[PDB]
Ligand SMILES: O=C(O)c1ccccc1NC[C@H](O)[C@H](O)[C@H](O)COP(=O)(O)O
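Only one chain is shown below, in structure tokens, and it's the form deposited without the named molecule.
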């Protein structure tokens, strides 16, 4: 059993379609320098219309901001994507479900990740080296260069709680290819 998260949603059309297609999480990117950036108000319009988990992605943002946005956009989860200190994440977790994203390129990054084992971990990737640690993480989420063609391969090796994607299903930045979302989820969950 594998959940699918569609990140970088900028319009309702895409959001709703992701839901119809079987997506379990939809993610809004609250990072200004991201081509998939979306404002809180714009997101709120979308988020509120969704019956599935809504996730906000933040990169090195201070907690007071994160909480405010979460409250306003009516987010369900928050994905901390920077170098946020453990105490910082716990203060946020006291108010809302948080996933910590950790960059992964080699083995030392995995140990760095274990320091946040208490929170759902989203590995930002080679699946090869995750193996000797796989059974240490609560709810591992896999991300990075995934697409319809390679998901099956990724899943079979790591067998993660959920799979994450963004550009793997785009027509161009910010806009999702409806046919690609269908194919991605289809392959991913094994239909």
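Numbering follows the first chain given and starts at 1.
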Q. Counting only residues from the deposited sequence, how many are left out of the model between residue 147 and residue 148 (none, 1 to 3, 4 to 9, 10 or more)?
A. none
Q) What stretch has the higher average Cα B-factor here, 9-17 or 166-174? A) 166-174
Q. Comparing 56-64 with 23-31, where is the mean C-alpha B-factor higher?
A. 56-64
Q.
Highest recorded C-alpha temperature factor, please, choosing from 47, 128, 143, 39.
A. 128
(Q) Considering every modelled residue of the chain and its Cα B-factor in the PDB entry, is residue 160 in the lowest, middle or highest third? (A) middle
Q) Considering only modelled residues of the same chain, in which third does the CA B-factor of residue 154 rank: lowest, middle or highest? A) highest
Q: Pull the Cα B-factor of residue 89 out of the PDB entry and bin it into the chain's lowest, middle or highest third.
A: highest
Q | Modelled-residue ranking by C-alpha temperature factor, third containing residue 121 | A | middle
Q: Please place residue 110 in the lowest, middle or highest third of its chain by C-alpha B factor as given in the entry.
A: highest
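What comes next is about the form solved in complex with the named molecule, which does not appear here.
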Q.
Just to be sure I understand the contacts: of 146, 66, 43, 26, which is the one whose heavy atoms reach within 4.5 angstroms of the named molecule in the entry with it bound?
A. 146
**Q.** Listed residue that, although the named molecule is not shown, lies within 4.5 Å of it in the entry with it bound (heavy atoms), from 161, 127, 133, 31
**A.** 31
Q) What stretch, of 66-74, 150-158, 44-52, 31-39, brings heavy atoms to within 4.5 Å of the named molecule in the entry with it bound? A) 31-39
Q) Does any heavy atom of residue 59 come within 4.5 Å of a heavy atom of the named molecule in the entry with it bound? A) yes
Q) Can you check whether residue 11 is within 4.5 Å of the named molecule in the entry with it bound, heavy atom basis? A) no
Q: Determine whether any heavy atom of residue 7 comes within 4.5 Å of a heavy atom of the named molecule in the entry with it bound, and answer yes or no.
A: yes
Q | Interface residues of 162-178 toward the named molecule, as seen in the entry with it bound [heavy atoms, 4.5 Å] | A | 164, 165, 166, 167, 168
